[PDB]
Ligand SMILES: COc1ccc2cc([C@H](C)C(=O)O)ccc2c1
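Given as structure tokens, the chain that follows is alone and in the form deposited without the named molecule.
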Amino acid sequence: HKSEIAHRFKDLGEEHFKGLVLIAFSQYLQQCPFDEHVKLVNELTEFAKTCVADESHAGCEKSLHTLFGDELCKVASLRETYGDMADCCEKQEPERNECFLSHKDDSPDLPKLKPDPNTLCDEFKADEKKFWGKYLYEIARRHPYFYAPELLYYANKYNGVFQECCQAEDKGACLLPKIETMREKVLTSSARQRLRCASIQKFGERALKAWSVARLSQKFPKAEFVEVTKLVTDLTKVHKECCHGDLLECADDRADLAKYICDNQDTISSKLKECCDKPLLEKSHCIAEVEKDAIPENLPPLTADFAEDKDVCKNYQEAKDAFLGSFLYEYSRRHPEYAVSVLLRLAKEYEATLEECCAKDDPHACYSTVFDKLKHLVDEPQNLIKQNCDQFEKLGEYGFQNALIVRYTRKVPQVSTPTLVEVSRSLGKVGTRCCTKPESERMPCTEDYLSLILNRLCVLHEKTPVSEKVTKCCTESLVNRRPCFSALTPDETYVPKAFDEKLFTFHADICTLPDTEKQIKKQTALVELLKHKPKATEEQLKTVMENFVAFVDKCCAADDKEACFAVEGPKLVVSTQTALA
């Protein structure tokens, strides 16, 4: 319009407008309390109404970044709570937002929420809109890049669970499974978008486009490349907007994209009917997770247009990015079975083949044989999966994570321990989420998740950079990250950490911790073990681990548990030291 804030309020409605802003403030200022953020939301919302009534009013012409940003700077506690973030205020837009974004904490160390059915069901009956708002808040301050519109959708879902389950006889039995299920979908989502924002920030839009072209051509093989391109442009803008903190424009731009998809479903896909009858937030989610359409019946083989054809360099030279998109599009729509990362490497390889072969005397002789060279890039992944799935089948989740701890602590011992523990834990879960699946689906499953988790490792590592190898693997290429990490081996350069008793002492507090935090503490100890005794043998750790559990199980049952750990602890230390020589 004439007034960006006005347009947003009109298109989105007050409800979603307030949600999205609550989120914005929650992701930028992750340590502020909910009550204060609600005040800020209402203020901005009142201003928004003024501008809708009167697009000419003072300030209404300013971008959301300017307006929202002018609000952060008016926060009295800003420097007290966030230090150098206050300095962002001394700057102009766009640098001011670039600055604010750069202080978003990807690991806030906020307390793990332990949901209590009573208190939650009380809060819900008491005030449903506020309940919803606090959920938006608690997730947004922990996931500062969470896809804002999807977060609205989850908040709705969350609420629907409470509406249903607080009526029931056993509140807890009804809802606890339901929020544990949803909570896993949310954590995945978080990661999925964090990889989107990391891509654009570290490798440019171009990298995100390529991802999308792959993803959508798989989903919509029936669509002409013209359409997929419009879809990708629109979907990329949506993400760029969310990633830069313009949540209202992200929300609006996404709803527009869903309307367009439903209006043209005849030239996009036959599997959208049920999606396109749903309410606004639910409609977009449904599209994003839609079933892949069938592949057109008689398609020409790839070799025809990308290897046997005699004008390939000519066409490539004259539209490099379109031609590579085209390839990706055509290859992608033929292979829904493939992982999006594999598809992208094939594109990256194919690209490298063209760049090299097109400078030679006889380009065709060179590029003719390219799909034999790509066949290899599909087989390489299939080895790891099989081996790692066997290792998973053998050990089960927990034991499997402990192998990964060992492998990765040897690979990258400089990395912080909490990072190693979190990442190895998530890497292990991949066994549960994938190996159980139909043998053929295994690699695509694991390749996608690994992509998500390895991204988390890079983002955590990028802040306190301490390992040249992680840095090399994280920054060299987005597509080859998984292979880069796989290929790392332990480094004999690494001087082992000096012994530190405090790392191996366990306190009676341990028996109070829930299973997950129990394993964390043990898995923390394991990491520290390999940092200090990095050449320690698989067989030796069996007994050391065996003896930690024998020790832990030995004291949590004892008459005076405090008295137990006092004497028995030092036993472990002395024992383990001797064992590891």
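Position 1 is the first residue in the sequence shown; the rest follow in order.
What comes next is about the form deposited with the named molecule bound, which does not appear here.
Taking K411, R333, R141, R456 one by one, only a single residue has any non-hydrogen atom within 4.5 Å of the named molecule in the deposited bound form, and it is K411. When the named molecule is considered in the deposited bound form, only one residue from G245, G133, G431, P221 comes within 4.5 Å through any heavy atom, namely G431.
Although the partner is absent from this view, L324 contacts the named molecule in the deposited bound form, with a non-hydrogen atom inside 4.5 angstroms. Contact between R407 and the named molecule in the deposited bound form is found at the 4.5 Å heavy atom cutoff. The named molecule in the deposited bound form comes within 4.5 Å of no heavy atom belonging to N264. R206 belongs to the set of residues with a heavy atom inside 4.5 Å of the named molecule in the deposited bound form.
Here the marked residues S3, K104 and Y137 all miss the named molecule in the deposited bound form; none has a heavy atom within 4.5 angstroms. Residues within 4.5 angstroms of the named molecule in the deposited bound form, judged by any non-hydrogen atom, belong to 482-490 and to none of the other stretches in 482-490, 503-511, 362-370, 304-312.
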